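These notes concern the structure reproduced below.
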Protein chains: 2
Amino acid sequence: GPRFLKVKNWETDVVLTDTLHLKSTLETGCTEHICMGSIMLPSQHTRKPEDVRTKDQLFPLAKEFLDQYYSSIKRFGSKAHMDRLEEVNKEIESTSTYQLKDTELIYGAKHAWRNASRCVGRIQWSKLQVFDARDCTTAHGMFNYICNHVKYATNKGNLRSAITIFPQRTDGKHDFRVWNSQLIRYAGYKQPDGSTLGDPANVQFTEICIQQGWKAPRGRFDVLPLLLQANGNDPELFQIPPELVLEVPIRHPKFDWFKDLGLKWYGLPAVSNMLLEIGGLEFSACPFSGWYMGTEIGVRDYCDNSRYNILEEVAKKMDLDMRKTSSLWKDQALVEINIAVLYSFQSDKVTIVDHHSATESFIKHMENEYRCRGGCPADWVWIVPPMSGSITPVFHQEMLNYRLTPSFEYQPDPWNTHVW
Amino acid sequence: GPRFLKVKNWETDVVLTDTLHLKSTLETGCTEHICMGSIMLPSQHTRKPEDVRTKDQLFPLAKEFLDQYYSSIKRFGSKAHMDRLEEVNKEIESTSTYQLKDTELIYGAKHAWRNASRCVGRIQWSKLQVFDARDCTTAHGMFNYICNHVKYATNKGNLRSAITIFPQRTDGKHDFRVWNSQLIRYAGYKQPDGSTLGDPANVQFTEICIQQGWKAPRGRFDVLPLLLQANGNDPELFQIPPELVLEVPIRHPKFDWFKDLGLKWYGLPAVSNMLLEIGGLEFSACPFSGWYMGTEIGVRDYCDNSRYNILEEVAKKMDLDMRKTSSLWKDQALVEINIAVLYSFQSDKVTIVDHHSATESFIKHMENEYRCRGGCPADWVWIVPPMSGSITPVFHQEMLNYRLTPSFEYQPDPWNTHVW
Ligand code: HEM
Ligand code: HEM
Ligand SMILES: C[C@H](O)[C@H](O)[C@H]1CNc2nc(N)[nH]c(=O)c2N1
Ligand SMILES: C[C@H](O)[C@H](O)[C@H]1CNc2nc(N)[nH]c(=O)c2N1
Ligand SMILES: CCCNC(=[NH2+])NCCC[C@H](N)C(=O)O
Ligand SMILES: CCCNC(=[NH2+])NCCC[C@H](N)C(=O)O
Ligand SMILES: [Zn+2]
């Protein structure tokens with residue numbers, strides 16, 4: 001398009017016009033000469049270790065947000081609008097920061113999710129539950145908030161989206177951080193015999209916990225303890241109450257032998273290592289949760305080489321011809337492993353969505369966003385499922401990726417920085 | 001990287017440094033604000049209908065290429081180098097164009113393939129057979145060349161890569177074009193009963209052929225006739241000799257009932273609608289061929305909704321639970337359909353490669369290119385297979401995409417333009 005970019009769906013021939021990209025100022029990492037669309041973390045905003053924004057650079061951002069917030073409630077330029085701007089303005093010059101009103105925080109959180117270009121489950125964005133933990137001051141208080149969140153979101157298996165927001169960052173008072181990558185994950189332990197017990201992706205973190213005294217069960221699926229850091233002080237270990245951690249034993253609807261594989265997984269995915277930015281303010285601790293898309297577990301978590309990597313074993317038990325990749329034994333065990341995962345969760349009545357339904361609703365969500373918002377930033381590389389790509393509708397959908405704020409950003413690991 | 005960009009493999013932790021991107025001048029379609037990496041044909045160079053380059057804009061391009069060609073043979077700045085430049089120079093000012101020496105044409109073709117960022121089979125790039133058809137002047141001559149190419153490349157099933165290059169374009173003398181999208185493809189016919197017989201992707205072309213008198217067999221897998229245009233004159237219909245068209249009846253190594261599905265496909269993929277650009281010169285007719293990667297047929301050709309879309313039928317015959325997408329019946333029939341394709345080709349001893357071997361050799365190719373060329377332009381969106389993405393190594397490989405020349409470009413369909 002001359003000024004209005006268009007994305008086409010090649011399976012349905014549907015075309016959409018994107019104008020929403022015009023309000024993006026953050027950089028993508030690409031240039032007119034190179035495309036970095038497949039790079040994991042282009043440091044364009046991967047959050048620096050580098051201090052905190054200053055009073056000068058903070059007000060423009062604070063304003064951009066408020067202008068947007070009021071424009072959404074069609075009150076742009078109102079006395080209220082102008083009053084709030086001056087409020088914050090003065091509030092920043094005096095205290096070097098500012099506080100979001102409960103309403104602005106809820107709008108900011110929802111939009112950080114609405115703007116998450118890598119999220120395929122955004123059709124749910126406006127149905128997020130926000131828990132305000134900005135009054136929290138200690139690690140025990142953080143533990144309590146997280147426990148209440150896990151209980152709420154799990155809802156006995158009928159998962160509900162939620163996010164708990166702790167105190168924003170400040171010059172030096174200090175940072176609240178949840179050292180865990182996800183609220184619920186399994187430990188990983190290296191074994192001199194070359195092998196790795198548990199989840200290989202959590203080995204260096206499990207080490208930290210052990211260093212902090214965690215009594216590791218040295219098992220396969222050991223739910224790790226929470227390592228909470230409040231007001232910049234050293235983190236503390238906490239054990240999430242077992243009765244609060246819902247898990248699902250993995251079994252197959254045909255292969256009774258599948259059970260014996262000893263496969264199990266937790267039902268609540270809860271990312272706790274990202275950063276939420278709203279009006280220049282940075283919330284380094286903002287754990288949030290939704291529900292699983294089957295492939296996340298069956299394809300990536302179980303079959304990723306660097307993860308549990310269960311493909312061989314599963315393949316042996318099926319007695320497949322593993323002497324030639326051309327037999328597609330990996331592809332076959334993969335489909336079964338995922339049929340099991342979906343079957344298991346559904347039996348235990350635990351909320352889960354298959355990649356066919358998820359991608360289907362994302363196309364619907366996209367159409368809703370282009371109709372009501374002028375577009376929808378989407379990352380094709382991440383939106384398309386790790387298995388059966390072309391049989392899902394998103395594979396055939398052209399997507400425009402750009403960065404909007406509020407947003408969720410990556411941030412340095414706290415231990416690769418935290419002192420003493 | 002500060003000036004040197006890096007791509008990481010997240011499964012193996014291998015990092016590579018790209019410097020090769022620095023010699024790209026063509027635009028990708030992205031900006032620092034928007035990423036268009038998932039857009040099919042960004043008109044950045046999708047070849048305009050707009051005339052032909054002029055003497056002025058043609059020499060810079062001609063030079064850039066020759067400088068590169070001699071630099072490759074470590075003869076940059078040689079008398080030969082300088083002599084050739086002046087040759088062409090004068091040759092352009094006088095005849096408004098120039099002729100590539102056989103050696104430059106072979107180097108240009110190989111590199112257009114070497115630079116094809118969307119091609120996963122580039123490890124073979126330097127083993128391409130070039131057929132010089134620049135002396136051709138008629139459609140019958142074009143037919144002969146194409147027949148000799150098909151015979152050569154098929155090699156009785158032991159496929160060999162090749163490309164046949166016809167006369168380059170000139171101001172007005174005229175264009176040589178192969179109206180077919182691929183040398184070998186099946187016709188598509190619309191049926192008032194809503195359905196479509198054959199390949200839905202070839203309906204509008206099949207119509208043209210019929211309009212030109214083709215005696216369509218009105219079948220399912222009807223090999224279309226060649227519609228050749230030489231020196232800008234109207235195209236002519238030609239029937240590729242049946243004995244020259246190798247096909248493979250699709251059957252399964254377990255499901256004897258698969259045979260009865262009536263599935264068949266040709267063994268030689270031969271793209272004939274792209275444009276080859278070497279030193280500013282445009283070769284609008286340059287059909288080229290290699291061999292199939294299984295998924296191209298089993299996943300896209302057979303299971304694409306807008307293609308043969310055989311998923312239901314195949315699923316019924318397997319008696320799968322098609323009442324819920326959550327049963328993953330589509331994924332399952334998909335794996336079987338592709339096991340069949342690979343099995344079938346291998347039995348008939350016809351060259352074919354599975355997505356596991358293809359992606360494996362592309363990672364090796366990438367490492368070879370970063371070691372010897374400073375990098376390798378790759379399009380992640382296209383390199384990752386349409387099924388079982390994350391279990392193949394390219395899914396986990398960060399890729400940098402940029403445009404280098406010589407290259408293969410898209411060009412307008414000849415009928416949506418050709419006159420009388
Ligand atoms: C309702 C259930 C939801 C589903 C099915 C869903 C699904 C997904 C999936 C499949 C991914 C890919 C993650 C990966 O491959 O590692 C993702 C990424 C993401 N989602 Fe959602 N999501 C949901 C809810 C949420 C919520 C409640 C938020 C925030 C309020 C959110 C924010 C994001 C973000 C920030 C990413 C990007 C992660 C990254 O780039 O590392 N999602 N989501
Ligand atoms: C040796 C066998 C080869 C294999 C296995 C192979 C495989 C592939 C695959 C899987 C694609 C994706 C095409 C699609 O999805 O439609 C592709 C694209 C492409 N290949 Fe190769 N290729 C081979 C040889 C060649 C040759 C001989 C040339 C040229 C000299 C070439 C040039 C390209 C180009 C230009 C594209 C991009 C097509 C587009 O963007 O529409 N390939 N190749
Ligand atoms: C290299 C490449 O960017 C990387 O492997 C990406 C691809 N797509 C992905 N998509 C999702 N949803 N999650 C991931 O972790 C990835 N990894
Ligand atoms: C919209 C999206 O770009 C489109 O569907 C792409 C994705 N990847 C692809 N990859 C290959 N090899 N071939 C294709 O035709 C496509 N289609
Ligand atoms: C945090 C709510 C959204 N979560 C989600 N569905 N996917 C991303 C987090 C889960 C993580 N990829 C895992 O498989 O363990
Ligand atoms: C032209 C040689 C390379 N061809 C190839 N392997 N793939 C692309 C062309 C085949 C086309 N996508 C098809 O499935 O019909
Ligand atoms: Zn890009």
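In the structure tokens, chains take the letters A, B, ... in the order shown, each chain's residues start at 1, and ligands count up from 1 in the order shown.
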Just want the residues within 9 Å of ligand 4, written as a short mmCIF file (atom, residue, chain, number, x, y, z; two decimals) with N, CA, C and O atoms, in the first residue's frame, counting only C-alpha atoms and all ligand atoms.
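Printed below is selection.cif as written:
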```cif
data_model
loop_
_atom_site.label_atom_id
_atom_site.label_comp_id
_atom_site.auth_asym_id
_atom_site.auth_seq_id
_atom_site.Cartn_x
_atom_site.Cartn_y
_atom_site.Cartn_z
N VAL A 7 -2.21 -6.90 4.22
CA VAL A 7 -1.80 -8.27 4.49
C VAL A 7 -2.86 -9.15 3.86
O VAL A 7 -4.06 -8.92 4.02
N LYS A 8 -2.41 -10.16 3.12
CA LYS A 8 -3.33 -11.05 2.45
C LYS A 8 -3.31 -12.45 3.06
O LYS A 8 -2.30 -12.88 3.62
N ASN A 9 -4.45 -13.13 3.01
CA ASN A 9 -4.50 -14.51 3.48
C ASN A 9 -4.52 -15.23 2.14
O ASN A 9 -5.40 -14.97 1.31
N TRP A 10 -3.53 -16.09 1.90
CA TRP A 10 -3.43 -16.79 0.63
C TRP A 10 -4.29 -18.02 0.49
O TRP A 10 -4.44 -18.55 -0.61
N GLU A 11 -4.86 -18.49 1.59
CA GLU A 11 -5.74 -19.64 1.53
C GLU A 11 -7.17 -19.13 1.24
O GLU A 11 -7.89 -19.70 0.43
N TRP A 380 4.70 -13.77 12.72
CA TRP A 380 4.44 -15.03 12.02
C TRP A 380 5.31 -16.19 12.52
O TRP A 380 4.84 -17.32 12.68
N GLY A 389 2.29 -26.94 10.65
CA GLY A 389 2.14 -25.56 10.26
C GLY A 389 1.13 -25.19 9.18
O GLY A 389 0.19 -24.44 9.44
N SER A 390 1.32 -25.72 7.97
CA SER A 390 0.45 -25.36 6.85
C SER A 390 -1.00 -25.82 6.89
O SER A 390 -1.80 -25.37 6.07
N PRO A 393 -4.65 -22.27 9.75
CA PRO A 393 -4.85 -21.02 9.00
C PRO A 393 -3.82 -19.88 9.13
O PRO A 393 -3.71 -19.05 8.22
N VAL A 394 -3.05 -19.84 10.21
CA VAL A 394 -2.07 -18.76 10.37
C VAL A 394 -0.85 -18.89 9.46
O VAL A 394 -0.18 -17.91 9.17
N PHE A 395 -0.57 -20.10 9.00
CA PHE A 395 0.56 -20.32 8.12
C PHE A 395 0.36 -19.54 6.83
O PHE A 395 1.30 -18.98 6.26
N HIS A 396 -0.89 -19.49 6.38
CA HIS A 396 -1.28 -18.82 5.13
C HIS A 396 -1.61 -17.34 5.27
O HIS A 396 -1.93 -16.67 4.29
N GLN A 397 -1.49 -16.83 6.50
CA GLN A 397 -1.80 -15.43 6.80
C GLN A 397 -0.59 -14.50 6.87
O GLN A 397 0.30 -14.69 7.70
N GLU A 398 -0.56 -13.48 6.01
CA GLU A 398 0.54 -12.52 6.05
C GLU A 398 0.33 -11.70 7.30
O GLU A 398 -0.79 -11.30 7.62
N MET A 399 1.42 -11.44 8.02
CA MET A 399 1.35 -10.69 9.26
C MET A 399 2.37 -9.57 9.31
O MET A 399 3.51 -9.73 8.88
N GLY B 37 8.53 -9.54 7.03
CA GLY B 37 9.11 -10.84 6.75
C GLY B 37 8.16 -11.95 6.35
O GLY B 37 8.58 -12.92 5.72
N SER B 38 6.88 -11.82 6.69
CA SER B 38 5.92 -12.86 6.35
C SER B 38 5.05 -12.50 5.15
O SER B 38 4.12 -13.22 4.82
N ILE B 39 5.37 -11.39 4.48
CA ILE B 39 4.62 -10.98 3.30
C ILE B 39 5.17 -11.74 2.09
O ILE B 39 6.38 -11.76 1.86
N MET B 40 4.28 -12.36 1.33
CA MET B 40 4.64 -13.15 0.15
C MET B 40 5.46 -12.43 -0.91
O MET B 40 6.58 -12.82 -1.23
N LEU B 41 4.89 -11.37 -1.47
CA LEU B 41 5.60 -10.64 -2.50
C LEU B 41 5.64 -9.14 -2.25
O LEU B 41 4.99 -8.37 -2.95
N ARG B 118 14.93 -18.10 -0.06
CA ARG B 118 13.82 -18.99 0.24
C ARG B 118 14.08 -20.46 -0.11
O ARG B 118 13.22 -21.31 0.13
N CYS B 119 15.25 -20.76 -0.67
CA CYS B 119 15.57 -22.14 -1.07
C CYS B 119 16.34 -22.94 -0.01
O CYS B 119 17.45 -22.56 0.38
N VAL B 120 15.77 -24.06 0.43
CA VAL B 120 16.40 -24.89 1.45
C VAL B 120 17.39 -25.89 0.86
O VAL B 120 18.18 -26.49 1.59
N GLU B 296 6.53 -30.84 0.09
CA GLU B 296 6.01 -29.99 -0.97
C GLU B 296 4.77 -30.65 -1.57
O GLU B 296 3.78 -29.98 -1.84
N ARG B 300 1.73 -29.54 1.21
CA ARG B 300 1.14 -28.42 0.47
C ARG B 300 0.28 -28.79 -0.74
O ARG B 300 -0.88 -28.39 -0.83
N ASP B 379 15.50 -17.12 4.44
CA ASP B 379 14.16 -16.68 4.81
C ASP B 379 13.58 -17.79 5.69
O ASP B 379 13.15 -18.82 5.18
N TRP B 380 13.58 -17.57 7.01
CA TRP B 380 13.07 -18.52 7.99
C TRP B 380 11.64 -18.99 7.69
O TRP B 380 11.32 -20.17 7.82
N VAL B 381 10.80 -18.05 7.30
CA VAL B 381 9.40 -18.31 6.99
C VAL B 381 9.24 -19.38 5.91
O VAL B 381 8.30 -20.17 5.95
N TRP B 382 10.17 -19.41 4.96
CA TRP B 382 10.12 -20.36 3.86
C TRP B 382 10.99 -21.59 4.04
O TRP B 382 10.68 -22.65 3.50
N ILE B 383 12.07 -21.45 4.78
CA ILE B 383 12.99 -22.56 5.00
C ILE B 383 12.44 -23.64 5.93
O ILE B 383 12.73 -24.83 5.76
N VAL B 384 11.65 -23.23 6.91
CA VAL B 384 11.06 -24.20 7.83
C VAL B 384 9.91 -24.94 7.12
O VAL B 384 9.01 -24.32 6.55
N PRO B 385 9.93 -26.29 7.15
CA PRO B 385 8.91 -27.13 6.51
C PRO B 385 7.49 -26.91 7.07
O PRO B 385 7.33 -26.58 8.25
N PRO B 386 6.46 -27.08 6.22
CA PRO B 386 5.05 -26.90 6.60
C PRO B 386 4.49 -27.94 7.58
O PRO B 386 3.30 -27.93 7.88
#
```
Taking only C-alpha atoms into account and nothing else, which residues of chain A lie no more than 7 Å away from chain B? Please answer as an MDAnalysis selection string.
chainID A and resid 11 24:39 304:306 325:328 331:332 335 339 342 354 356 380:381 386:391 398:402
Might you pull out every residue within 12 Å of residue A:136, with only C-alpha atoms counted and same-chain residues fewer than 4 positions away left off, and present them as a count of residues only?
20
Can you pull out every residue within 12 Å of residue A:215, counting only C-alpha atoms, but drop anything in the same chain fewer than 3 positions away, and send it as a PDB file with N, CA and C atoms, in the first residue's frame?
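Saved result, around_7.pdb, follows:
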```pdb
ATOM      1  N   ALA A 187      12.495 -28.723  37.962  1.00  0.00           N
ATOM      2  CA  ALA A 187      13.933 -28.562  38.106  1.00  0.00           C
ATOM      3  C   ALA A 187      14.716 -29.411  37.111  1.00  0.00           C
ATOM      4  N   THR A 206      18.015 -24.168  38.909  1.00  0.00           N
ATOM      5  CA  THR A 206      17.906 -25.165  39.968  1.00  0.00           C
ATOM      6  C   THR A 206      19.158 -25.116  40.833  1.00  0.00           C
ATOM      7  N   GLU A 207      20.287 -24.784  40.217  1.00  0.00           N
ATOM      8  CA  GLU A 207      21.548 -24.696  40.937  1.00  0.00           C
ATOM      9  C   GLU A 207      21.468 -23.564  41.950  1.00  0.00           C
ATOM     10  N   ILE A 208      20.950 -22.423  41.512  1.00  0.00           N
ATOM     11  CA  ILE A 208      20.816 -21.271  42.387  1.00  0.00           C
ATOM     12  C   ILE A 208      19.990 -21.634  43.610  1.00  0.00           C
ATOM     13  N   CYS A 209      18.862 -22.299  43.382  1.00  0.00           N
ATOM     14  CA  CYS A 209      17.978 -22.703  44.470  1.00  0.00           C
ATOM     15  C   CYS A 209      18.684 -23.600  45.475  1.00  0.00           C
ATOM     16  N   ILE A 210      19.427 -24.576  44.962  1.00  0.00           N
ATOM     17  CA  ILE A 210      20.182 -25.501  45.799  1.00  0.00           C
ATOM     18  C   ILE A 210      21.233 -24.708  46.579  1.00  0.00           C
ATOM     19  N   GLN A 211      21.872 -23.757  45.909  1.00  0.00           N
ATOM     20  CA  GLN A 211      22.865 -22.925  46.561  1.00  0.00           C
ATOM     21  C   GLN A 211      22.193 -22.176  47.701  1.00  0.00           C
ATOM     22  N   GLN A 212      20.910 -21.868  47.531  1.00  0.00           N
ATOM     23  CA  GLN A 212      20.153 -21.153  48.552  1.00  0.00           C
ATOM     24  C   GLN A 212      19.536 -22.104  49.576  1.00  0.00           C
ATOM     25  N   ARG A 218      15.796 -34.302  43.694  1.00  0.00           N
ATOM     26  CA  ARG A 218      16.613 -34.946  42.664  1.00  0.00           C
ATOM     27  C   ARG A 218      15.753 -35.875  41.810  1.00  0.00           C
ATOM     28  N   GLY A 219      14.528 -35.445  41.529  1.00  0.00           N
ATOM     29  CA  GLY A 219      13.626 -36.243  40.719  1.00  0.00           C
ATOM     30  C   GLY A 219      13.525 -35.743  39.282  1.00  0.00           C
ATOM     31  N   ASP A 222      10.248 -32.345  39.379  1.00  0.00           N
ATOM     32  CA  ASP A 222      10.214 -31.658  40.668  1.00  0.00           C
ATOM     33  C   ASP A 222       9.839 -30.196  40.503  1.00  0.00           C
ATOM     34  N   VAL A 223       8.694 -29.810  41.054  1.00  0.00           N
ATOM     35  CA  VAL A 223       8.271 -28.422  40.978  1.00  0.00           C
ATOM     36  C   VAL A 223       9.257 -27.588  41.794  1.00  0.00           C
ATOM     37  N   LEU A 224       9.878 -26.621  41.133  1.00  0.00           N
ATOM     38  CA  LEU A 224      10.854 -25.755  41.772  1.00  0.00           C
ATOM     39  C   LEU A 224      10.228 -24.801  42.781  1.00  0.00           C
ATOM     40  N   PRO A 225      11.047 -24.288  43.710  1.00  0.00           N
ATOM     41  CA  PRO A 225      10.554 -23.353  44.716  1.00  0.00           C
ATOM     42  C   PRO A 225      10.599 -21.959  44.117  1.00  0.00           C
ATOM     43  N   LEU A 237      13.718 -18.318  49.260  1.00  0.00           N
ATOM     44  CA  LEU A 237      13.075 -19.512  48.742  1.00  0.00           C
ATOM     45  C   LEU A 237      11.707 -19.751  49.375  1.00  0.00           C
ATOM     46  N   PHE A 238      10.740 -20.149  48.552  1.00  0.00           N
ATOM     47  CA  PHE A 238       9.400 -20.460  49.033  1.00  0.00           C
ATOM     48  C   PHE A 238       8.877 -21.646  48.244  1.00  0.00           C
ATOM     49  N   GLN A 239       8.172 -22.543  48.925  1.00  0.00           N
ATOM     50  CA  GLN A 239       7.605 -23.729  48.298  1.00  0.00           C
ATOM     51  C   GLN A 239       6.124 -23.484  48.025  1.00  0.00           C
TER      52      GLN A 239
END
```
Contact check, chain B to ligand 6, at most 9 Å, counting only C-alpha atoms and all ligand atoms, closest pairs as JSON lines:
```
{"residue": "B:119", "atom": "CA", "partner": "ligand 6", "partner_atom_place_in_ligand_line": "3 (C)", "distance": 7.9}
{"residue": "B:120", "atom": "CA", "partner": "ligand 6", "partner_atom_place_in_ligand_line": "6 (N)", "distance": 8.5}
{"residue": "B:121", "atom": "CA", "partner": "ligand 6", "partner_atom_place_in_ligand_line": "6 (N)", "distance": 7.4}
{"residue": "B:161", "atom": "CA", "partner": "ligand 6", "partner_atom_place_in_ligand_line": "2 (C)", "distance": 7.4}
{"residue": "B:162", "atom": "CA", "partner": "ligand 6", "partner_atom_place_in_ligand_line": "2 (C)", "distance": 8.5}
{"residue": "B:163", "atom": "CA", "partner": "ligand 6", "partner_atom_place_in_ligand_line": "1 (C)", "distance": 8.9}
{"residue": "B:182", "atom": "CA", "partner": "ligand 6", "partner_atom_place_in_ligand_line": "15 (O)", "distance": 7.5}
{"residue": "B:184", "atom": "CA", "partner": "ligand 6", "partner_atom_place_in_ligand_line": "15 (O)", "distance": 8.4}
{"residue": "B:185", "atom": "CA", "partner": "ligand 6", "partner_atom_place_in_ligand_line": "15 (O)", "distance": 7.2}
{"residue": "B:266", "atom": "CA", "partner": "ligand 6", "partner_atom_place_in_ligand_line": "15 (O)", "distance": 8.7}
{"residue": "B:268", "atom": "CA", "partner": "ligand 6", "partner_atom_place_in_ligand_line": "2 (C)", "distance": 7.8}
{"residue": "B:269", "atom": "CA", "partner": "ligand 6", "partner_atom_place_in_ligand_line": "10 (C)", "distance": 4.8}
{"residue": "B:270", "atom": "CA", "partner": "ligand 6", "partner_atom_place_in_ligand_line": "1 (C)", "distance": 4.0}
{"residue": "B:271", "atom": "CA", "partner": "ligand 6", "partner_atom_place_in_ligand_line": "1 (C)", "distance": 4.4}
{"residue": "B:272", "atom": "CA", "partner": "ligand 6", "partner_atom_place_in_ligand_line": "1 (C)", "distance": 7.9}
{"residue": "B:287", "atom": "CA", "partner": "ligand 6", "partner_atom_place_in_ligand_line": "1 (C)", "distance": 7.9}
{"residue": "B:288", "atom": "CA", "partner": "ligand 6", "partner_atom_place_in_ligand_line": "1 (C)", "distance": 5.3}
{"residue": "B:289", "atom": "CA", "partner": "ligand 6", "partner_atom_place_in_ligand_line": "2 (C)", "distance": 3.7}
{"residue": "B:290", "atom": "CA", "partner": "ligand 6", "partner_atom_place_in_ligand_line": "2 (C)", "distance": 3.8}
{"residue": "B:291", "atom": "CA", "partner": "ligand 6", "partner_atom_place_in_ligand_line": "6 (N)", "distance": 4.9}
{"residue": "B:292", "atom": "CA", "partner": "ligand 6", "partner_atom_place_in_ligand_line": "6 (N)", "distance": 4.2}
{"residue": "B:293", "atom": "CA", "partner": "ligand 6", "partner_atom_place_in_ligand_line": "6 (N)", "distance": 5.7}
{"residue": "B:294", "atom": "CA", "partner": "ligand 6", "partner_atom_place_in_ligand_line": "14 (O)", "distance": 8.7}
{"residue": "B:295", "atom": "CA", "partner": "ligand 6", "partner_atom_place_in_ligand_line": "14 (O)", "distance": 8.0}
{"residue": "B:296", "atom": "CA", "partner": "ligand 6", "partner_atom_place_in_ligand_line": "14 (O)", "distance": 4.3}
{"residue": "B:297", "atom": "CA", "partner": "ligand 6", "partner_atom_place_in_ligand_line": "14 (O)", "distance": 5.2}
{"residue": "B:298", "atom": "CA", "partner": "ligand 6", "partner_atom_place_in_ligand_line": "14 (O)", "distance": 8.8}
{"residue": "B:300", "atom": "CA", "partner": "ligand 6", "partner_atom_place_in_ligand_line": "14 (O)", "distance": 6.8}
{"residue": "B:301", "atom": "CA", "partner": "ligand 6", "partner_atom_place_in_ligand_line": "14 (O)", "distance": 5.8}
{"residue": "B:352", "atom": "CA", "partner": "ligand 6", "partner_atom_place_in_ligand_line": "6 (N)", "distance": 8.9}
```
Alpha helix (DSSP H) positions in stretch 103-352 of chain B, given as a ChimeraX atom specification:
/B:103-114,139-154,203-211,294-295,302-303,311-318,329-347
Measure the distance from atom CA of residue B:241 to atom CA of residue B:147 in Å and round it to one decimal.
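Interatomic distance, atom CA of residue B:241 to atom CA of residue B:147: 7.8 Å.
Atom to atom, atom CA of residue A:370 and atom 6 (N, counted along the ligand's line) of ligand 5 stand 23.3 Å apart.
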